[PDB]
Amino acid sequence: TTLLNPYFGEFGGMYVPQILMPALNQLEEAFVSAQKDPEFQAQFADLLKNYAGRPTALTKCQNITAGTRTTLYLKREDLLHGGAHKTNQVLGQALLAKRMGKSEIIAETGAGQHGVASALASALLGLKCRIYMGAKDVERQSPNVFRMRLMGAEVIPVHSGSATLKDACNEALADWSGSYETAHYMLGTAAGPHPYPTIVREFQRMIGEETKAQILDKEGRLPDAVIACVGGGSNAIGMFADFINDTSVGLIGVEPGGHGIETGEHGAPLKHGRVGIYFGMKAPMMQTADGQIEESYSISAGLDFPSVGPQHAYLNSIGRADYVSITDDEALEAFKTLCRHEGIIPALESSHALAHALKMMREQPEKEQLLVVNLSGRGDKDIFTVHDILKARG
């Protein structure tokens, strides 16, 4: 029994060990309570505006579309505090933890971006944050490890199992199974068991709400399509939610195609994987023929995830949203294009969304179209990655 439906069509659910069900039910009830509480809503709006810098701009990019009939705007989540959209929902989940009377946050991180987001919200709201991290990720993500510890989080290096992200997760959930009365598990994307896909969407849906008001102000009509990259699915569901019932507006989600779908080295399960059950949910995933979860790949660590949130799988199934993939080299070209023509350095994750809008424009340069790309984050963090690739190719 839940208050809200845990499934989106066939996808979603609560596939956790029985001992974590009370924590999930507690969270769902806290969230439903919060959503009807004008004070909770006012507190969240206050942090979003005066701490994180919302609303974010909606920037028209005329230089990049010159000579075509495409008008392109970028939703500037790269200007949010922390440099990515991740900040919005970790503030919301930190407030929910406090509403449940909790003073501790539990998180796990591979790449280190969700860890930094969780540590900054916890620093602001007086929460003790412990972040589990595979010892191999600790070793390779020194900058992010140092940001988390500067912000007071305890970064716990996991050596158990294979000392990677899945092992940080297991430890984080084991901890959470014993400490959920005083600790909240801050999941970083729109996936995992209910009620996380729902909560993360509702705490990112201001991206699309703002985009709607801003595009109506500037153009007097809705977009022909809104386009966003898709790792687990939080920035894309954030942009798409408020347009779901505007049936003229296309919803295009872009998964990473890595070295090319045909190579097997990609992060595109929604279109190229198969339904399975893992991480608490029934969803498309990259798997071996006997059901082992396969390794994902992307040039962008933020999109390197072998599954996708269940609402995306549902929207695809019914034909309301369309999902495509963009390779490493197409993402790198969009990254260079934006730097040179608009003076904006985009995250490589976001560069996948931008690469697909550029293909829509260049393939059909005389089609009149109004497109919005969610620029989910800034790419100062990607300059060495881009530099060493381009140096290597000479």
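Residue positions are given as counts along the sequence shown, with the first one as 1.
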Avg C-alpha B-factor, entry values, 272-280 vs 135-143, higher side is 135-143
When mean C-alpha B-factors in the record are compared for 344-352 and 39-47, the larger belongs to 39-47
In this crystal structure's PDB entry, the residue among 93, 245, 234, 87 with the greatest CA B factor is 245
Per the deposited entry, the peak Cα B-factor within the set 255, 167, 322, 210 goes to 167
Entry-reported C-alpha B-factor of residue 228 relative to its chain, by third, is lowest
Residue 28: CA B-factor among chain residues, third -> middle
Assert third(CA B-factor, residue 251) within chain per record equals lowest
Chain-relative C-alpha B factor for residue 328 (record values, thirds): the middle
Of the three thirds of Cα B-factor ranks in this chain, residue 200 occupies the lowest
